[PDB]
file data20.csv (CSV, C-alpha atoms and all ligand atoms)
chain,number,residue,atom,x,y,z
F,4,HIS,CA,25.1,69.5,29.1
F,5,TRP,CA,24.7,67.7,25.8
F,6,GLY,CA,25.0,68.9,22.2
F,7,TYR,CA,26.7,68.1,18.9
F,8,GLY,CA,30.0,69.8,19.3
F,9,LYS,CA,33.4,68.2,19.9
F,10,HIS,CA,33.1,68.5,23.6
F,11,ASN,CA,29.5,67.5,24.1
F,12,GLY,CA,28.4,65.6,20.9
F,13,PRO,CA,27.2,62.1,20.4
F,14,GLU,CA,30.4,60.4,21.5
F,15,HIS,CA,30.2,61.9,25.0
F,16,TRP,CA,26.5,61.1,25.6
F,17,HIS,CA,27.0,57.7,27.1
F,18,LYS,CA,28.7,59.3,30.1
F,19,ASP,CA,25.4,60.8,31.3
F,20,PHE,CA,23.0,58.4,29.5
F,21,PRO,CA,24.7,55.0,29.5
F,22,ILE,CA,21.8,53.5,27.5
F,23,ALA,CA,23.6,55.3,24.6
F,24,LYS,CA,25.6,52.1,24.3
F,25,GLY,CA,22.6,49.9,24.5
F,26,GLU,CA,21.0,47.2,22.3
F,27,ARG,CA,18.2,49.2,20.5
F,28,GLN,CA,19.8,52.6,19.8
F,29,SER,CA,18.8,55.0,17.0
F,30,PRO,CA,19.4,56.0,14.3
F,31,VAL,CA,20.7,53.1,12.2
F,32,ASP,CA,21.9,52.5,8.7
F,33,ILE,CA,19.1,51.0,6.6
F,34,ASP,CA,20.7,48.3,4.5
F,35,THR,CA,18.2,47.9,1.6
F,36,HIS,CA,19.9,44.6,0.7
F,37,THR,CA,19.1,43.0,4.0
F,38,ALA,CA,15.9,44.8,5.0
F,39,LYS,CA,13.2,42.2,4.5
F,40,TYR,CA,9.8,42.7,2.9
F,41,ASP,CA,7.3,41.6,5.8
F,42,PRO,CA,3.9,40.2,5.1
F,43,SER,CA,2.3,40.6,8.6
F,44,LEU,CA,2.7,44.4,7.9
F,45,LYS,CA,-0.5,46.5,7.6
F,46,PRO,CA,-0.5,49.8,5.7
F,47,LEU,CA,0.3,52.9,7.8
F,48,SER,CA,-2.7,55.1,8.8
F,49,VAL,CA,-1.9,58.8,9.3
F,50,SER,CA,-4.9,60.7,10.6
F,51,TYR,CA,-3.8,64.4,10.8
F,52,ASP,CA,-7.1,66.1,9.8
F,53,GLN,CA,-7.7,67.6,13.2
F,54,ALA,CA,-4.0,68.5,14.0
F,55,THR,CA,-3.5,71.5,16.2
F,56,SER,CA,0.0,72.9,16.4
F,57,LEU,CA,0.7,75.0,19.6
F,58,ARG,CA,4.2,76.6,19.7
F,59,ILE,CA,7.6,76.3,17.9
F,60,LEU,CA,10.7,76.3,20.1
F,61,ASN,CA,14.5,76.6,19.6
F,62,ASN,CA,15.6,74.2,22.4
F,63,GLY,CA,19.3,74.7,21.7
F,64,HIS,CA,19.6,71.3,20.0
F,65,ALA,CA,17.0,71.6,17.2
F,66,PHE,CA,13.7,73.2,16.9
F,67,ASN,CA,10.5,71.4,17.8
F,68,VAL,CA,6.9,72.3,17.0
F,69,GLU,CA,4.7,71.1,19.8
F,70,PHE,CA,1.2,69.8,19.3
F,71,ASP,CA,-1.9,69.8,21.4
F,72,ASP,CA,-2.1,66.2,22.4
F,73,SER,CA,-5.1,66.5,24.7
F,74,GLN,CA,-7.3,64.5,22.3
F,75,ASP,CA,-7.1,62.2,19.2
F,76,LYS,CA,-6.8,65.1,16.8
F,77,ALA,CA,-3.6,63.7,15.1
F,78,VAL,CA,-2.9,60.0,15.3
F,79,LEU,CA,-0.8,57.3,13.7
F,80,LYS,CA,-1.9,53.7,13.7
F,81,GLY,CA,-1.7,50.6,11.6
F,82,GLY,CA,1.6,49.5,9.9
F,83,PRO,CA,3.6,47.7,12.5
F,84,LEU,CA,1.6,49.4,15.4
F,85,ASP,CA,-1.0,48.1,17.9
F,86,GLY,CA,-3.3,50.8,19.1
F,87,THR,CA,-3.2,54.5,18.7
F,88,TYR,CA,-0.4,57.0,18.9
F,89,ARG,CA,-0.9,60.7,19.3
F,90,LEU,CA,1.3,63.3,17.7
F,91,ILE,CA,3.1,65.4,20.3
F,92,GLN,CA,5.8,67.2,18.3
F,93,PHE,CA,8.0,67.3,15.4
F,94,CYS,CA,11.8,67.7,15.5
F,95,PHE,CA,14.2,68.5,12.6
F,96,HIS,CA,17.9,67.6,12.1
F,97,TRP,CA,20.0,69.0,9.3
F,98,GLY,CA,23.6,69.4,8.1
F,99,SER,CA,26.2,72.1,7.4
F,100,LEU,CA,26.2,70.9,3.8
F,101,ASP,CA,23.7,69.2,1.6
F,102,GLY,CA,25.3,65.8,1.7
F,103,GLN,CA,24.7,65.3,5.4
F,104,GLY,CA,22.1,66.0,8.0
F,105,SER,CA,20.0,62.9,8.3
F,106,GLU,CA,20.1,60.7,11.3
F,107,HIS,CA,19.1,57.5,9.6
F,108,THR,CA,21.1,56.6,6.5
F,109,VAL,CA,20.0,54.3,3.7
F,110,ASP,CA,22.8,52.2,2.3
F,111,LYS,CA,25.2,54.6,4.1
F,112,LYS,CA,23.7,57.5,2.2
F,113,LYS,CA,22.9,60.7,4.2
F,114,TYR,CA,20.2,63.0,3.3
F,115,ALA,CA,20.2,66.8,3.7
F,116,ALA,CA,17.9,66.5,6.7
F,117,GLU,CA,15.5,64.4,8.7
F,118,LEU,CA,12.2,65.1,10.3
F,119,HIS,CA,10.6,63.2,13.1
F,120,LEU,CA,6.9,63.2,13.8
F,121,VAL,CA,6.8,61.9,17.3
F,122,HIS,CA,3.8,60.1,18.7
F,123,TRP,CA,3.0,58.5,22.0
F,124,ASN,CA,0.9,55.4,22.7
F,125,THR,CA,-2.5,56.5,24.1
F,127,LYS,CA,-2.6,53.4,26.3
F,128,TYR,CA,0.1,54.9,28.6
F,129,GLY,CA,-1.8,58.2,29.2
F,130,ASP,CA,0.9,60.6,28.6
F,131,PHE,CA,4.3,61.1,26.9
F,132,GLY,CA,6.2,60.9,30.2
F,133,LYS,CA,4.9,57.4,31.0
F,134,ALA,CA,5.1,56.4,27.3
F,135,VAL,CA,8.8,57.0,27.1
F,136,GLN,CA,9.4,54.5,29.9
F,137,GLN,CA,7.7,51.7,27.8
F,138,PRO,CA,9.5,49.7,24.9
F,139,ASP,CA,6.4,50.3,22.7
F,140,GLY,CA,5.6,53.7,24.0
F,141,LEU,CA,6.4,55.9,21.1
F,142,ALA,CA,6.0,55.7,17.3
F,143,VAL,CA,8.2,58.0,15.3
F,144,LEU,CA,7.7,58.7,11.7
F,145,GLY,CA,11.0,59.7,10.0
F,146,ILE,CA,11.1,61.5,6.7
F,147,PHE,CA,14.2,62.3,4.8
F,148,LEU,CA,14.7,65.6,3.0
F,149,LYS,CA,16.7,66.2,-0.1
F,150,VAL,CA,17.7,69.5,-1.7
F,151,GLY,CA,15.8,69.9,-5.0
F,152,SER,CA,12.6,71.9,-5.4
F,153,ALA,CA,10.8,73.8,-2.6
F,154,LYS,CA,8.4,72.2,-0.1
F,155,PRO,CA,5.5,74.6,0.3
F,156,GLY,CA,4.3,73.0,3.5
F,157,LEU,CA,7.6,73.7,5.1
F,158,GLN,CA,7.6,77.4,4.3
F,159,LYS,CA,5.5,78.3,7.3
F,160,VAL,CA,8.3,76.9,9.4
F,161,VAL,CA,11.1,78.6,7.5
F,162,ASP,CA,9.2,82.0,7.8
F,163,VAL,CA,9.2,81.8,11.6
F,164,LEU,CA,12.8,81.0,12.2
F,165,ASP,CA,13.9,84.7,12.6
F,166,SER,CA,11.7,84.8,15.6
F,167,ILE,CA,13.4,81.8,17.3
F,168,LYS,CA,17.0,82.3,16.2
F,169,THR,CA,18.5,81.4,19.6
F,170,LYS,CA,18.2,78.8,22.4
F,171,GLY,CA,15.2,79.5,24.6
F,172,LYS,CA,13.1,81.4,22.1
F,173,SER,CA,9.7,80.2,21.1
F,174,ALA,CA,6.8,81.6,19.1
F,175,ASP,CA,3.2,80.8,18.7
F,176,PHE,CA,2.8,78.4,15.7
F,177,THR,CA,-1.0,77.6,15.5
F,178,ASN,CA,-2.8,76.1,12.5
F,179,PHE,CA,0.3,74.3,11.1
F,180,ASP,CA,-0.7,71.3,8.9
F,181,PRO,CA,1.8,68.4,9.4
F,182,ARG,CA,0.3,66.6,6.3
F,183,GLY,CA,2.1,69.2,4.3
F,184,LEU,CA,5.4,67.5,5.4
F,185,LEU,CA,4.6,64.0,4.0
F,186,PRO,CA,5.9,62.6,0.7
F,187,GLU,CA,3.4,60.9,-1.7
F,188,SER,CA,4.3,57.4,-0.7
F,189,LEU,CA,4.0,55.8,2.7
F,190,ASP,CA,6.3,52.8,1.9
F,191,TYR,CA,8.4,52.6,5.0
F,192,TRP,CA,11.0,50.5,6.9
F,193,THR,CA,10.4,49.7,10.5
F,194,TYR,CA,12.5,48.6,13.4
F,195,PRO,CA,12.6,49.0,17.3
F,196,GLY,CA,14.9,51.7,18.5
F,197,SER,CA,15.3,54.8,20.6
F,198,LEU,CA,15.2,58.5,20.9
F,199,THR,CA,18.0,59.9,18.9
F,200,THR,CA,18.7,62.6,21.5
F,201,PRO,CA,19.2,62.2,25.2
F,202,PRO,CA,17.8,60.6,27.3
F,203,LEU,CA,18.0,58.1,24.3
F,204,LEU,CA,15.3,55.8,25.8
F,205,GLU,CA,14.6,52.7,23.9
F,206,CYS,CA,10.9,53.2,23.6
F,207,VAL,CA,10.5,53.7,19.9
F,208,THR,CA,8.8,51.9,17.0
F,209,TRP,CA,10.6,53.6,14.2
F,210,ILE,CA,8.7,53.9,10.9
F,211,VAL,CA,11.1,55.5,8.3
F,212,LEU,CA,9.5,56.5,5.0
F,213,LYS,CA,11.3,55.3,1.9
F,214,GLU,CA,10.4,58.4,-0.2
F,215,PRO,CA,12.2,61.6,0.8
F,216,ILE,CA,10.7,65.1,0.5
F,217,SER,CA,12.4,67.8,-1.5
F,218,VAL,CA,13.2,71.2,0.1
F,219,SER,CA,14.9,74.1,-1.7
F,220,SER,CA,18.4,75.1,-1.0
F,221,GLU,CA,16.9,78.4,0.2
F,222,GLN,CA,14.7,76.6,2.7
F,223,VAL,CA,17.6,74.5,4.1
F,224,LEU,CA,19.8,77.6,4.2
F,225,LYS,CA,17.3,79.2,6.6
F,226,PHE,CA,17.7,76.2,9.0
F,227,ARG,CA,21.5,76.8,9.0
F,228,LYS,CA,21.0,80.3,10.2
F,229,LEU,CA,19.5,79.1,13.5
F,230,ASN,CA,21.7,79.2,16.6
F,231,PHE,CA,22.7,76.7,19.3
F,232,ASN,CA,23.7,79.4,21.7
F,233,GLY,CA,21.3,81.6,23.7
F,234,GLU,CA,20.8,85.4,23.0
F,235,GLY,CA,23.9,87.3,24.0
F,236,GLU,CA,26.3,84.4,23.8
F,237,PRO,CA,29.0,83.9,21.1
F,238,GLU,CA,27.1,82.7,17.9
F,239,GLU,CA,27.3,79.1,17.1
F,240,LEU,CA,25.3,78.1,14.0
F,241,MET,CA,22.8,75.2,14.5
F,242,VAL,CA,24.0,72.8,12.0
F,243,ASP,CA,24.9,69.0,12.1
F,244,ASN,CA,22.4,68.3,14.9
F,245,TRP,CA,22.2,64.6,14.0
F,246,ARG,CA,23.4,61.6,15.7
F,247,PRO,CA,25.3,59.1,13.6
F,248,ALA,CA,24.1,55.6,12.8
F,249,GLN,CA,24.4,53.2,15.8
F,250,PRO,CA,25.0,49.4,15.9
F,251,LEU,CA,22.1,47.4,14.6
F,252,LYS,CA,23.1,44.5,16.9
F,253,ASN,CA,20.2,42.2,17.5
F,254,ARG,CA,17.4,43.8,15.3
F,255,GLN,CA,16.0,43.3,11.9
F,256,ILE,CA,14.6,46.1,9.7
F,257,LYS,CA,11.4,45.1,8.0
F,258,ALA,CA,10.2,46.8,4.7
F,259,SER,CA,6.5,47.4,4.1
F,260,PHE,CA,7.2,47.1,0.3
F,261,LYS,CA,9.0,45.0,-2.3
F,301,ZN,ZN,14.2,64.3,15.9

call {"tool": "encode", "arguments": {"input": "data20.csv", "output": "structure tokens", "more": "lines below"}}
Ligand SMILES: [Zn+2]
result
Amino acid sequence: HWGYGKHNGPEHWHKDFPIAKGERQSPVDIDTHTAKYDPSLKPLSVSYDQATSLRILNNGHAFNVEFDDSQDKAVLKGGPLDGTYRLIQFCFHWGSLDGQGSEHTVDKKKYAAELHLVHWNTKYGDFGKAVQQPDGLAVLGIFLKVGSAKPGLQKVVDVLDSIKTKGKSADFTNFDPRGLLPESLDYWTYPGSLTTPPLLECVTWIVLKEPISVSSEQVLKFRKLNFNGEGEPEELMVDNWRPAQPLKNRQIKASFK
């Protein structure tokens, strides 16, 4: 099935998921000289006080940390959103080298990595139904650059030996996602999609202008993960990002001048 390699990477995806060639695909390039500052835009409200992380998983494409989404413990609201979106997971994408790794790009620039805090619209009852709705998901995307270390990522880095290969998971309780946010919540926003199959166009993307810094030692530990399962030839999990897709008929709004 799908991956990032020459035989099953982003250029092949459309054969199984034809929406890959659609009108609201993600990620995109964020052109800061055409993104418009938007007045109707409230500030973003991140309410992650009650967040409960469940498990971390190497799914053979990335890793995800999964969250207890049985109640309003961790919600995103405000900004461009209507209603209340519950955090269900975060996924991470990164590169083989520091100059690539992000899915979204800003003025064609690629960051070392990109995190997604994935939330589903409470009015659809669950994630399954949510993803079938054009406004069903809100994804907060945070760029990472290699500079100093992020302490709130170290928990994650420290568990990665336990999930080196596809299929492996580990308990990951009491992880605080607030520790993955930059200082500023200035953001750009646009309608798009999942960046991995099934690539459904159900996403209000909210991409933060301010990147976080991670150490070279932190990102290096992501690059030691594996795409393959235990007892298969070792294939390092790197470059698990989809490249920027056609903007087509969409405007990217900025929450800031
Ligand atoms: Zn992701």

call {"tool": "residues_around", "arguments": {"input": "data20.csv", "residues": "region 222-224 of chain F", "least_positions_apart": "5", "cutoff": "8 Å", "atoms": "all atoms listed in the file", "output": "list in words"}}
result
residues 97, 150, 153, 158 and 161 of chain F

call {"tool": "closest_atom_pairs", "arguments": {"input": "data20.csv", "of": "region 206-236 of chain F", "to": "region 29-32 of chain F", "cutoff": "12 Å", "atoms": "only C-alpha atoms", "output": "CSV"}}
result
residue,atom,partner,partner_atom,distance
F:206,CA,F:29,CA,10.5
F:207,CA,F:29,CA,8.9
F:208,CA,F:29,CA,10.5
F:209,CA,F:29,CA,8.8
F:210,CA,F:30,CA,11.4
F:211,CA,F:30,CA,10.3

call {"tool": "closest_residue", "arguments": {"input": "data20.csv", "among": "F:134, F:82, F:225, F:12", "to": "residue 42 (chain F)", "atoms": "only C-alpha atoms"}}
result
F:82

call {"tool": "residues_near_ligand", "arguments": {"input": "data20.csv", "ligand": "ligand ZN 301 (chain F)", "cutoff": "7 Å", "atoms": "all atoms listed in the file", "output": "list in words"}}
result
residues 93, 94, 95, 96, 118, 119 and 199 of chain F

call {"tool": "residues_near_point", "arguments": {"input": "data20.csv", "point": "(28.4, 70.3, 19.4)", "cutoff": "12 Å", "atoms": "only C-alpha atoms", "output": "PyMOL selection string"}}
result
chain F and resi 4-16+63-65+230-232+239-246

call {"tool": "atom_distance", "arguments": {"input": "data20.csv", "atom1": "CA of residue 212 (chain F)", "atom2": "CA of residue 60 (chain F)"}}
result
24.9 Å

call {"tool": "atom_distance", "arguments": {"input": "data20.csv", "atom1": "CA of residue 178 (chain F)", "atom2": "CA of residue 144 (chain F)"}}
result
20.3 Å

call {"tool": "residues_around", "arguments": {"input": "data20.csv", "residues": "region 253-257 of chain F", "least_positions_apart": "3", "cutoff": "8 Å", "atoms": "only C-alpha atoms", "output": "PyMOL selection string"}}
result
chain F and resi 26-27+33+37-41+192-195

call {"tool": "closest_residue", "arguments": {"input": "data20.csv", "among": "F:73, F:200, F:62, F:105", "to": "residue 233 (chain F)", "atoms": "only C-alpha atoms"}}
result
F:62

call {"tool": "atom_distance", "arguments": {"input": "data20.csv", "atom1": "CA of residue 72 (chain F)", "atom2": "CA of residue 168 (chain F)"}}
result
25.7 Å

call {"tool": "closest_residue", "arguments": {"input": "data20.csv", "among": "F:196, F:213, F:226, F:141", "to": "residue 250 (chain F)", "atoms": "all atoms listed in the file"}}
result
F:196

call {"tool": "closest_residue", "arguments": {"input": "data20.csv", "among": "F:88, F:114, F:123, F:260", "to": "residue 50 (chain F)", "atoms": "all atoms listed in the file"}}
result
F:88

call {"tool": "closest_residue", "arguments": {"input": "data20.csv", "among": "F:188, F:220, F:169, F:136", "to": "residue 238 (chain F)", "atoms": "all atoms listed in the file"}}
result
F:169

call {"tool": "closest_residue", "arguments": {"input": "data20.csv", "among": "F:218, F:84, F:198, F:163", "to": "residue 121 (chain F)", "atoms": "all atoms listed in the file"}}
result
F:198

call {"tool": "residues_near_point", "arguments": {"input": "data20.csv", "point": "(-0.5, 54.7, 12.8)", "cutoff": "6 Å", "atoms": "only C-alpha atoms", "output": "VMD selection string"}}
result
chain F and resid 47 to 49 79 to 81

call {"tool": "residues_around", "arguments": {"input": "data20.csv", "residues": "residue 159 (chain F)", "least_positions_apart": "3", "cutoff": "9 Å", "atoms": "only C-alpha atoms", "output": "list in words"}}
result
residues 155, 156, 162, 163, 176 and 179 of chain F
